[PDB]
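The chain below stands alone and is given in structure tokens; this is the form deposited in one PDB entry.
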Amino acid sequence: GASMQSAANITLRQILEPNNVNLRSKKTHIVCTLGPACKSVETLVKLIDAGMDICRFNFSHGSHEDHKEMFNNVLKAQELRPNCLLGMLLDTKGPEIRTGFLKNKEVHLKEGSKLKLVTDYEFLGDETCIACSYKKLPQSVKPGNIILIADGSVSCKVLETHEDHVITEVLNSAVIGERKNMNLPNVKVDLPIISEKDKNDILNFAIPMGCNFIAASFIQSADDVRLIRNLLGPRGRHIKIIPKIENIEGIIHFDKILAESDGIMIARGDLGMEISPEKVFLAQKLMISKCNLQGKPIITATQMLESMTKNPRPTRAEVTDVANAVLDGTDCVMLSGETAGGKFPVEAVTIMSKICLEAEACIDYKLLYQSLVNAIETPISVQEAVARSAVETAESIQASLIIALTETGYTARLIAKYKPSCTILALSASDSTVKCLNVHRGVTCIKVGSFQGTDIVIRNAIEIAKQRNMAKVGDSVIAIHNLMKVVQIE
């Protein structure tokens, strides 16, 4: 249980006058799933200009080599955009059930047609016959059952179950590519949380490549989170674990999963295949509420701008979904197929930033802070109080920035919890910190020198803030490191 959503203030002015502010000045961060549509350095720079903050590498697709290439192109895109430090997110395979490979890379499934599902996962399929990664499929499904494919974009009714295959009837026309996700109704999937393939993805890519986050697919318990932490060991001590909530067990054990985790991802695609589509908005709102209360970052994911895979504009529902995720209190929003395989990756990232800018602009921050402080039980730590004091002071004097000097990012995470109206400028001499803080709403990072003076580091930040149009002369800034001070910009 929980109670929700931030108070809005909408004027005619907001609806009619254009919001010409920079797309990178927004508070909500964007997770972009990388793939063929945005592989080039040139597209990665365009995505940075449009508002990309975190890069998602889905290990359910591609290969280590193709992911290694995309990763290095991101590093080259960062050399072209020095004021942008991107977080690197590895999204695991986990205990997934997938469709197979295809002869012509795309099949055009038609409503009313029969589709045979085979267990030979090496088989290159076509619209008449496709493979399933799950060898127990014939024994697991029964005639009448609805197999869901690609976030439920395809529904198949089981007609007959055999020894090695299943005959289905396609219930709707859809075009799908390779290795689409699947859901088998009321089937207890006999698959480990961490497979040998997951182990090779984490140890042989995540740790050597320098990923900041592990988005663990299908987490069911706090024990699963500890298992990954242990797998990561001493070398991966700075890699954050973001469990993905996408099954009933993740919902039931949410509170404990959240306690062990470094943040959460609401994996609505697979979740909306497991539970009734109408139940997902409840699960979304509940999980955001809880995360906001614990000060843990949350990523709202999947089918946010779905139509944008084919159209340069989103539907009406898609706009409200992004806006309402922001007003619910999400730290991040996410783009999946819209960036990885769609026709308009840049225009998808662009309008998402515009929707975030609009939604953030009508939030009632004075009220938002009051509602947080009322929910959080006091006494609180000295660090939390000073962090909170910074947010209230910033709001009272209409300060442009909160500058936090932090090695671990702890101070910045504490300020972020109180959702200030202004940007948080986290200043750190750690490379993991400056990229890990990207998952927290409204936190912008500057990488500083390891043993540099408090006041010189603050002036260099003010100088970069002036250089980035974040603050002008005459403005006030809050500086925090246990103390808080108000500096007038000059």
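The first residue of the sequence shown is number 1, and the count goes up from there.
**Q** Should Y134 be counted as unmodelled in at least a third of the other PDB entries compared?
**A** Yes.
**Q** Can you tell me whether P345 lacks a model in a third or more of the other compared entries?
**A** Residue status for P345: no gap in any other entry.
**Q** Can you count, per the entry, how many deposited residues between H481 and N482 come without coordinates? Answer none, 1 to 3, 4 to 9, or 10 or more.
**A** Missing in between: 10 or more residues.
**Q** So which stretch wins on mean C-alpha B-factor, 36 to 44 or 455 to 463?
**A** Looking at the recorded C-alpha B-factors, 455 to 463 comes out higher on average.
**Q** Tell me which stretch has the larger mean Cα B-factor in this entry, 183 to 191 or 346 to 354.
**A** Of 346 to 354 and 183 to 191, the stretch with the higher C-alpha B-factor average is 183 to 191.
**Q** In terms of CA temperature factor as recorded, identify the highest of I380, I264, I363, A301.
**A** Top of the list by C-alpha B-factor: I380.
**Q** Reading the B-factor column of the entry, which of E163, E278, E338, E178 has the highest value at its C-alpha atom?
**A** Top of the list by C-alpha B-factor: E163.
**Q** Mind checking which third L425 falls in for C-alpha B-factor across the chain?
**A** Middle third, going by the recorded CA B-factors of the chain.
**Q** Determine, from the deposited record, the chain-internal third of the Cα B-factor for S60: lowest, middle or highest.
**A** For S60, whose C-alpha B-factor we compare with every modelled residue in the chain, the answer is the lowest third.
**Q** Ranked by Cα temperature factor within the chain, is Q294 in the lowest third, the middle third or the highest third?
**A** Middle third.
**Q** Taking the C-alpha B-factors as the PDB entry records them, is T433 in the lowest, middle or highest third of its chain?
**A** Highest third.
**Q** Please say which third, lowest, middle or highest, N374 falls into when its CA temperature factor is compared across its chain.
**A** Highest third of the chain for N374's C-alpha B-factor.
One more form of this protein exists, namely the form deposited in another entry; it is left out here, but the text below deals with it.
**Q** State whether the rigid part containing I207 also contains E79, for the motion between the shown form and the other one.
**A** They share a rigid part, so that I207 and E79 shift as a single body between the shown form and the other one.
**Q** Between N186 and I257, do the C-alpha atoms lie closer or farther in the other form than in the shown form, with a difference of 3 angstroms or more?
**A** Pair moves closer in the other form.
**Q** Compare the CA separation of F254 and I146 in the other form with the one in the displayed structure, and answer closer or farther (the difference is at least 3 Å).
**A** Note: Cα gap between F254 and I146 shrinks in the other form.
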